[PDB]
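once you've seen the sequence and the experimental structure below, I've got questions.
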Amino acid sequence: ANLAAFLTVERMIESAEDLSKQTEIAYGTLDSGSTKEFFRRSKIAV
Amino acid sequence: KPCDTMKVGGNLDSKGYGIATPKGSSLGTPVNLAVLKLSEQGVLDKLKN
Amino acid sequence: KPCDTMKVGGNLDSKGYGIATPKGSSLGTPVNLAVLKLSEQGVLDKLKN
Amino acid sequence: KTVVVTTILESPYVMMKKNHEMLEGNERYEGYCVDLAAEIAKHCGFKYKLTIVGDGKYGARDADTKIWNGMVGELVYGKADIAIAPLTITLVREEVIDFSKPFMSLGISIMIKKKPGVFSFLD
């Protein structure tokens, strides 16, 4: 039964929202770049 | 639906849809800036969705 | 290598790298045509590969 | 006639050759942007000299000083004439300089740190 569970399950954070939710993990960008400006001038909630 | 067909493989070339105007139109200059302002605002993503 | 890192998720936004020139440069007009000629020829795909 | 070409060492776009201590001229630089600039100058016929930015920054503006840094500051302030580089298009930079049609598309993404045993049958 347990072998089957291993194989069955095997057959099944990975997005930006999951990153914004997690504050323990630290994320950053280049200091002077389109990425920082894009985040700064953005209007989306995430 | 009906979903009677499918897309296969990858994109042969990459291009983009672009607003057009006749040579010397006064609209040409502002349409570029309008597109960039919409891109900053994220409007195009909302319309696409 | 070393491939000790990985990409996660998909692309949040779409943008494009673009050659730049100062306002009023005489090179700006021809560089656009050079870029379009390369795109049509498919040189950029070969360089990318 | 010769063009002042601005770039940054962001592989594989621009990267120095092996044993570059003895490499000089435009030959010391190899990459994708250097090739692209080659064919741009070929089709235009112009001449180009590959130059790096000391500040080593792609470019941005200080919302308080209204000053431009990196490639954009260089081109707007006259220290150069063109940027065959991995520079990204955006609204703010277009207001002050003229871009071309994109030569490659991209998107933001996230980077993170990343075999059956012989006796796996006992697992």
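Nice, I can see it. Numbering: from 1, shown residues only, chains lettered A, B, ... in the order given.

residue ranges of the helices in the chain, please?
All of this refers to chain A. A:2-10, A:16-21, A:34-40 (DSSP state H).

you answered for a different chain; I wanted chain D.
D:32-44, D:70-77, D:91-96.

for residue B:36, which of those helices is the nearest?
Between residue B:36 and those, the shortest gap by C-beta to C-beta is with helix D:91-96, which sits at 4.0 Å. (C-beta placed from N, C-alpha, C; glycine too.)

residues contacting residue D:84?
Residues near residue D:84 by C-beta atoms under 8 Å, 6 or more residues apart in numbering or on different chains: C:19, D:5, D:7, D:33, D:34, D:36, D:37, D:40, D:48.

hang on, the third one packs against residue D:48?
No. Contact criterion C-beta atoms under 8 Å: residue D:7 and residue D:48 do not qualify, at 10.3 Å.

between these two, which contacts overlap?
Going by C-beta under 8 Å, 6+ apart, residues that sit against residue D:7 and also against residue D:48 are D:37, D:84.

just the helices of chain A: most buried one?
Most buried of those by mean neighbour count (mean count of other C-beta atoms under 10 Å in any protein chain shown) is helix A:34-40; its value is a mean of 16.

returning to that earlier point: save the helices of chain D as TSV, and put in mean neighbour count too.
Converted to TSV, these look like this (neighbours: other C-beta atoms under 10 Å in any protein chain shown):
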stretch	mean neighbour count
helix D:32-44	20
helix D:70-77	21
helix D:91-96	17
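
can you tell which of the ones you listed is closest to chain B?
Distance to chain B, taken as C-beta to the nearest C-beta, is lowest for helix D:91-96 among the helices of chain D, at 4.0 Å.

OK, contacts around the residue nearest to residue D:10 when sequence neighbours are not counted?
Nearest in space to residue D:10, with sequence neighbours left out and distances taken as C-beta to C-beta, 6 or more residues apart in numbering or on different chains, is residue D:86 at 5.5 Å. Contact analysis of residue D:86 by C-beta under 8 Å, 6+ apart lists C:17, D:8, D:10, D:13, D:33, D:58.

no further questions, thank you.
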